């Protein structure tokens, strides 16, 4: 079997149009699809209250992820327990939404899901203030496809560590 790629013309046109008059508004056609198909499912976690805070933090570029070379464990979680999903796993990264409320522990699986979305927003933002000059539209498009492919896999529990 051979590995190929062909742009979905429907998706291609939607993007090529958005690039020409870029907006970060959640309700436009380009971002709405990605929000419903990729972002929302990715940022879906067990503790849904904290989850919705993270989604807002990501949109604002206020979210941050640190490795770890007075608080408690009910909110923040800890080294052996992830805060987003109730799972017990060794958490080597910790999230901060502020302005930091609290530093929250994160499993590698969560980290992969969140960064996948943060990477998408990061590239999108680069374009909105573009800031993206020497890359043609076909290349940019396939960048977004790559960004989505990552989210699509993380979405389903396929991640990298």
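Numbering follows the first chain given and starts at 1.
Q) Which is higher in the entry, the mean Cα B factor of 2-10 or that of 150-158? A) Looking at the recorded C-alpha B-factors, 2-10 comes out higher on average.
(Q) Mean CA temperature factor from the deposited coordinates, higher in 28-36 or in 93-101? (A) Higher mean C-alpha B-factor: 93-101.
Q. Going by the entry, which of 108, 69, 41, 130 has the most elevated CA B factor?
A. Largest recorded C-alpha B-factor: 69.
Q: Sort the modelled residues of this chain by their C-alpha B factor and say whether residue 54 lands in the lowest, middle or highest third.
A: Middle third - that is where residue 54 ends up once the chain's C-alpha B-factors are sorted.
Q. Of the three thirds of its chain by CA temperature factor, lowest, middle or highest, which one includes residue 119?
A. Within its chain, residue 119 is a lowest-third residue by C-alpha B-factor, going by the deposited values.
(Q) Test of reading the entry: by CA B factor among the chain's modelled residues, which third contains residue 138? (A) Middle third.
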